[PDB]
């Protein structure tokens, strides 16, 4: 029992455009696989129907053309990264995805070809989001209680990001988080992301340096940073030196 990250290698038709707004449909597709009655998932994921300690990336395209509506994949390939501090969840989900063999995101149909195992980095220095970080706090307004989306230029972002990770650590491991980490934001861009039929939030695409306790950073690396990890938010990747 340890963490696990996989790269799902997906294949659709050559020259297909993956819309800029695909994340919402991707999240729905992943949810629907996990909660499917298909026996490929049902037996394997029976104990994980309410499991929220995992994350996944946006669809990544390597051979790409920027288009008006999205990113075109010239060779039809796309890559989806999925990770959890629970390796049994990841192994079971991957076995189901490979047996099923197909993933539809919006109007794009993928074949699920292979799942590449990505061992955890032995050291962390620079991280960048491959799905943006969501972090919110509730605030009283003249129109009642509302949700405020924290970004790195908010004074509360820093400690709220840390405390979210420490609380998630305790919730997942059922042990005290006696660890700490710190970070420095090198770059960030806000991104508008649909999260419900009618709710859009502001999330952070960002690059940041980290230091502190390796085991806590490693938990953020495989669980995700910030909130709504299991809806596909907050996944990061190491940036090579």
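Numbering follows the first chain given and starts at 1.
J.: Which wins on mean Cα temperature factor, 54-62 or 189-197?
T.: The deposited B-factors put 189-197 ahead on the C-alpha mean.
J.: Tell me which stretch, 19-27 or 229-237, has the higher mean Cα B-factor listed in the entry.
T.: Stretch with the higher mean C-alpha B-factor: 19-27.
J.: Looking at 106, 96, 132, 85, which has the biggest Cα B factor in the entry?
T.: The C-alpha B-factor peaks, among 106, 96, 132, 85, at 106.
J.: Check the PDB entry and point out which of 72, 91, 100, 143 has the largest C-alpha temperature factor.
T.: Answer for 72, 91, 100, 143: 143, with the highest C-alpha B-factor.
J.: Among all modelled residues of this chain, ranked by Cα B factor, put residue 139 in the bottom, middle or top third, i.e. lowest, middle or highest.
T.: Ranked within chain, residue 139 CA B lands in the highest tercile.
J.: Per the entry's values, where does residue 168 land by CA temperature factor relative to the rest of its chain, in the lowest, middle or highest third?
T.: Lowest third.
J.: Would you mind checking where the Cα B-factor of residue 122 ranks among the modelled residues of its chain, as the lowest, middle or highest third?
T.: Top third by C-alpha B-factor.
J.: Would the CA B-factor of residue 210 place it in the lowest, middle or highest third of its chain?
T.: For residue 210, the deposited C-alpha B-factor lands in the middle third.
J.: Could you look up the Cα B-factor of residue 33 in the entry and say which third of the chain it sits in: lowest, middle or highest?
T.: Lowest third of the chain for residue 33's C-alpha B-factor.
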